[PDB]
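Chains A and B supply the protein sequences, listed in that same order.
Under the numbering used here, the residue at position 132 of the first sequence is numbered 147, and the numbers go up by one with no gaps.
Under the numbering used here, the residue at position 6 of the second sequence is numbered 147, and the numbers go up by one with no gaps.
See structure below.
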Amino acid sequence: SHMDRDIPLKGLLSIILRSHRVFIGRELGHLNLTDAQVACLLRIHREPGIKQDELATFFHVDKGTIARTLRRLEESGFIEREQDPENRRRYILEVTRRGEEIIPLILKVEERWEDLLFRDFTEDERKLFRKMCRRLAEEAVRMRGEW
Amino acid sequence: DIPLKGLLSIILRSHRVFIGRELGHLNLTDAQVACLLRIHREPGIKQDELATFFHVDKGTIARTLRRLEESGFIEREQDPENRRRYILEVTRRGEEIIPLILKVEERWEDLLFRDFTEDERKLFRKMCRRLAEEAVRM
Ligand SMILES: O=C(O)c1ccccc1O
Ligand SMILES: O=C(O)c1ccccc1O
Ligand code: NA
Ligand code: NA
Ligand code: NA
Ligand code: NA
Ligand code: NA
Ligand code: NA
């Protein structure tokens with residue numbers, strides 16, 4: 016019934032992220048959206064003009080994988096993909112008017128997911144966990160840079 | 142700001158990249174290392190019990206296990222009381238790389254917590270466990 020105190024950090028993070036992928040599917044699956052697509056959408060939303068290959072590098076996924084996810088968003092009309100004028104083989108990405116309209120819907124699902132996850136967490140604990148997460152995300156980025 | 146999930150994805154992503162660098166030469170992935178370690182902790186564990194443990198689909202666990210047995214790290218035997226069931230065991234070869242795998246996991250955590258004190262480190266870990274148990278309920 017209870018969880019092993021054995022599981023390494025990565026395992027627990029995987030469990031948490033696991034439920035988020037499931038939550039996204041159930042809450043936005045009918046809009047033909049997946050966690051990966053949502054990930055790309057938000058990332059592009061926060062940085063219009065970002066290149067497909069840069070998105071590939073950020074998520075550390077291969078070309079085909081990123082292309083397939085980006086292809087579904089474009090098909091849904093949420094993003095537009097254009098050839099980079101300075102390099103015809105690169106693709107500049109942008110969230111469309113339509114895509115910007117669902118961003119809010121996505122943020123609400125994230126908010127609800129977070130409230131559900133921090134059910135047993137006090138206000139102080141939650142803000143502290145978040146603060147710790149940021150510090151660690153910052154460390155992970157340093158690590159990618161170290162190697 | 143960035144959703145919580147974004148921060149956790151970023152963190153978990155460095156672990157995925159780290160395993161590739163440290164164990165890629167063994168064609169091992171995050172999923173494979175995880176299964177391999179769990180089987181090592183629970184010899185004779187059932188394939189379906191492993192899938193229920195990770196909260197992953199039967200098809201996914203199966204593809205991950207095929208990778209491990211193809212590399213010779215694990216062996217599968219039909220469950221003696223249900224031939225449509227498989228029981229898992231780490232092989233001699235698999236047991237040879239476990240220590241290396243454990244050192245790698247340990248080193249990823251130490252790298253991530255380099256600017257964390259022992260206590261913050263313990264707390265963060267405790268909270269993740271709490272959030273994880275909740276995730277299971279949800
Ligand atoms: O899921 C992510 O990786 C992500 C990254 C940046 C911003 C929002 C996100 O959901
Ligand atoms: O994503 C995981 O964490 C995972 C773990 C064990 C087996 C298959 C998997 O995809
Ligand atoms: Na954009
Ligand atoms: Na997708
Ligand atoms: Na590109
Ligand atoms: Na538009
Ligand atoms: Na979130
Ligand atoms: Na794999």
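Ideal Cβ positions, reconstructed from N, Cα and C, are used throughout, including at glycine.
In the DSSP assignment, what are the bridge partners of A:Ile-94? A:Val-110
8 Å is my cut-off, CB to CB: does A:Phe-93 come that close to chain B? no
What's the gap between the Cα of B:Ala-273 and the Cα of B:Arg-204? 25 Å
Candidates A:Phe-144, A:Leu-43 and A:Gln-67, of which the one nearest A:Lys-123 by Cα: A:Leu-43
Between B:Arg-179 and the rest of its own chain, which residues show a CB-CB distance below 8 Å, the 5 nearest in sequence each way excluded? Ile-186, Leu-191, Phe-194 and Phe-195
How would you label B:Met-268, buried or exposed, when you count the other beta carbons within 10 angstroms and need 16 or more for buried? buried
In chain order, what are the residue ranges of uninterrupted alpha helix (DSSP H) at least 4 long that sit wholly in the region 224 to 273 of chain B? 233 to 253
Leaving out the 5 sequence neighbours to the left and right, which residues in its chain are closer than 6 Å to A:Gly-114 when beta-carbon positions are compared? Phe-93 and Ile-94
DSSP three-state assignment for A:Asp-19, whether helix, strand or coil: coil
Under the DSSP definition of a beta bridge, which residues are partnered with A:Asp-99? A:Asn-102
Taking the C-alpha atoms as reference points, what is the distance between A:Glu-140 and A:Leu-131? 14 Å
Around the C-beta of B:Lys-146, are 16 or more other C-beta atoms found within 10 angstroms, so that it is buried, or is it exposed? buried
Could you pull out every residue in the same chain whose Cβ sits closer than 7 Å to the Cβ of B:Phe-254, ignoring the five residues on either side in sequence? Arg-262
If you drop the 5 nearest sequence neighbours on each side, which residues of the same chain put their C-beta closer than 8 Å to that of A:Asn-47? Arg-87 and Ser-91
I'd like the span of the alpha helix (DSSP H) that includes B:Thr-193, first residue to last. 188 to 195
Neighbour list for B:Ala-203 in chain A, Cβ cutoff strictly below 9 Å: The premise fails here: B:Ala-203 is roughly 17 Å from chain A at the closest Cβ pair, so nothing lies under 9 Å.
Please tell me whether B:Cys-176 has its Cβ less than 8 Å away from any Cβ of chain A. no
Rounded to whole angstroms, what is the Cα-Cα separation between A:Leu-143 and A:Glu-125? 18 Å
Whose C-beta lies closer than 7 Å to the C-beta of A:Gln-98 among residues of the same chain, with five residues either side of it excluded? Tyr-106
Would A:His-17 count as contacting chain B if we go by Cβ distances under 8 Å? yes
Going by the CB atoms, is the gap between A:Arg-159 and B:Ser-150 shorter than 8 Å? no
Consider the Cβ of A:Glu-115: report whether some Cβ of chain B lies at a distance smaller than 8 Å. no
Compare the C-beta of A:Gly-26 against all C-beta atoms of chain B and say whether one is closer than 8 Å. yes
Once the 5 residues before and after A:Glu-89 are set aside, which same chain residues still bring their CB inside 6 Å of it? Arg-96
Would you report the Cα separation of B:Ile-202 and B:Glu-183, rounded to the nearest angstrom? 16 Å
Say yes only if the C-beta of A:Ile-59 is nearer than 7 Å to one or more non-hydrogen atoms of ligand 3, and no if none qualify. yes
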